[PDB]
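Structural overview for review
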Amino acid sequence: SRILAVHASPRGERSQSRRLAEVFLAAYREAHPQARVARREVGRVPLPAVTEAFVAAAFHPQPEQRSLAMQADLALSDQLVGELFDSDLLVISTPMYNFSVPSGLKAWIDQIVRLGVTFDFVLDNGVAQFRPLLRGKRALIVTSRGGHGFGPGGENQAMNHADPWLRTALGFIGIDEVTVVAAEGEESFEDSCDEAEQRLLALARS
Amino acid sequence: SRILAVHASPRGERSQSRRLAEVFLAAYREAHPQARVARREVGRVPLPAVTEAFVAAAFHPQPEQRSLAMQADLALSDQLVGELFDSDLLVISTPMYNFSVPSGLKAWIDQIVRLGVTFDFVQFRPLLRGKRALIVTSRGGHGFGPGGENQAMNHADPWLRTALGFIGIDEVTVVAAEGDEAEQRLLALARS
Ligand SMILES: Cc1cc2nc3c(=O)[nH]c(=O)nc-3n(C[C@H](O)[C@H](O)[C@H](O)COP(=O)(O)O)c2cc1C
Ligand SMILES: Cc1cc2nc3c(=O)[nH]c(=O)nc-3n(C[C@H](O)[C@H](O)[C@H](O)COP(=O)(O)O)c2cc1C
Ligand SMILES: CN(C)c1ccc(/N=N/c2ccccc2C(=O)O)cc1
Ligand SMILES: CN(C)c1ccc(/N=N/c2ccccc2C(=O)O)cc1
């Protein structure tokens, strides 16, 4: 299984979501030395937001008629989508920032949801029926939160617009086998982190 | 009232959410001739994402000791927060991008939720009071609103409610254009 690891925390050595994901990646590497791991940084590195030029190009009615300028507008996106297509397992590490994800990860999503590439649609009696184009891929979301109760059955579950939103977006392009490993209370914390780590080691084994 | 208008669409003239929000602002200006409007562009212009440097400064345990470099990391944030403090009514226009908001608006939120400034902790508590918000959003599809078929997929304006609520803005109205009803709804709102 070829892996694409997308890291979304701006923090490096101190990122818990990054560290936990790397725990999973190393463990996996251990069991599968031939396996390819690609890393895509969207936290410590800026990722362009969708511009009007991007929209005009990505939804151009006749795509092969895009100008060289237009293609250039889509070049990063093409690269980012290519990484996804080349992967069987997508691993996203992300903090919860203000009840969602860091803006860099939102930008990454916005680049890789592409008409005619990762999703499609068809016009049925006026309204669009959409169709995902990604097949045979899985996703693991490793997330870290400062507070508690954002998981299932949690007191604050309805406030969680981070990993549940990621599920929705990923599912839209065809990735609906998604596992979320969460550590809470990074400010019981060493416990939550230790549990996430054991969970990730088990997931890596299999 | 003093109004802060935050525009999140990357599109200019073609932006339906921008257009609708400006219909409201012009109408509101007519019912209140000495109103002041401040516009903050977060769609057509890049907003820096939160960096590790931002985190270290913003959550500094002794903020009065911040170095000049740290204050520089928070300079834009202070400006954005100031615009919010100086406003009575916040108007946010935004598209739904992949079941959330454009990344620029996420970045705006990440700049203006600030420890000791728009929220504090002892239990977190909001520090913004006396403000209202109007969210003008447009979507390509249908059924993302209340009682809607796809309401559970909507992490755009419902998420905005959560984040705004955290800092104290809990009087929020959403006007959505899916698929001239929105326009008329907004004209009526501007009259009150
Ligand atoms: C800008 C910012 C926003 C945050 N928002 C939340 C939040 O909404 N809910 C929460 O539980 N923790 C929040 N936190 C705390 C982080 O979720 C927590 O520190 C997390 O572990 C950061 O991920 P990282 O360790 O990979 O950098 C926030 C932290 C920052 C810097
Ligand atoms: C990158 C991108 C993502 C979009 N995602 C969604 C979506 O998830 N759901 C939806 O109903 N429409 C979606 N749309 C359609 C837009 O929501 C629609 O065109 C909207 O009116 C854009 O706002 P604006 O006119 O102010 O630019 C998307 C459009 C773009 C360009
Ligand atoms: C358990 N409840 C109700 C919570 C707990 C934590 C929370 N946000 N945390 C944060 C929010 C913004 C910035 C930094 C943090 C941070 O470092 O924690 C929101 C709601
Ligand atoms: C009927 N349901 C649930 C829907 C309707 C529309 C929809 N996404 N639209 C989009 C999604 C991503 C990118 C661009 C569009 C766009 O231009 O519309 C998703 C789900």
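First, a word on what this report is: a plain description of the structure on this page.

**Points about the sheet that holds strand 3 (residues 89–95) of chain A**
Residue and element names in this part refer to chain A. Taken in spatial order, the five strands line up as 2-1-3-6-7 in an open sheet, and their pairing is parallel. Two strands close off the open sheet at either side, each with one partner strand: strand 2 (37–41) and strand 7 (177–183). Looking at each pair of strands side by side, their axes are set apart by 15° on average, direction ignored. Pairing of strand 1 (residues 3–7) with strand 2, which is carried by five bridges, proceeds in the parallel orientation. Among the inter-strand pairings, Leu4 is bridged to a residue of strand 2, identified as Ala38. Of the strands in this sheet, strand 1, strand 2 and strand 3 are in contact with helix 4 (residues 103–112), which crosses strand 3 at around 150°. Sitting on the sheet, helix 5 (residues 163–173) is in contact with strand 3, strand 6 (138–144) and strand 7, with an inclination near 160° to strand 6.

**Points about empty space enclosed by the protein**
Approximately 40 Å³ is the volume attributed to the largest cavity. Surrounding the largest cavity, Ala8(A), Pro10(A), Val42(A), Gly43(A), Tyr97(A), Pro102(A), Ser103(A), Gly104(A), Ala49(B), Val50(B) and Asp110(B) form its lining. In terms of residue class, the lining of the largest cavity is built from seven nonpolar, three polar and one charged.

**Quick notes on the pairing of strand 6 of chain A**
Residue and element names in this part refer to chain A. Within strand 6, six of the seven residues are buried, leaving the element largely enclosed by the surrounding structure. Two strands pair when backbone bridges link them, and strand 3 and strand 6 are joined in this way by seven bridges, in the parallel orientation. Within strand 6, the residue paired with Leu90 across the bridge is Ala139. Direction of pairing for strand 6 relative to strand 7: parallel, over a ladder of seven bridges. Each residue of the ladder has a partner; that of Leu140, found in strand 7, is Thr179.

About the criteria used
- Residues numbered from 1 in each chain as written, not as in the entry; some residues may be left out.
- Chains lettered and ligands numbered in written order.
- Heavy atoms only, no water.
- Pairing = 2+ DSSP bridges.
- Helix = DSSP H or I, 4+ residues; strand = E, 2+ residues; numbered from the N terminus.
- Axes fitted to C-alpha atoms, helices over the stretch in contact; angles between N-to-C directions.
- Contact = heavy atoms within 4.5 Å.
- 1 Å grid on protein atoms, 1.4 Å probe; cavity = no way out; pocket = protein on both sides within 12 Å on 5 of 7 lines; lining within 4 Å.
- Points joined across faces, edges and corners; volume = space filled by probe spheres on them.
- Nonpolar A, V, L, I, M, F, W, Y, C, P; charged D, E, K, R; others polar.
- Buried < 20%, exposed > 50% of the residue type's maximum accessible area, 1.4 Å probe, protein only.

Limitation: the analysis is restricted to geometry and does not speak to function.
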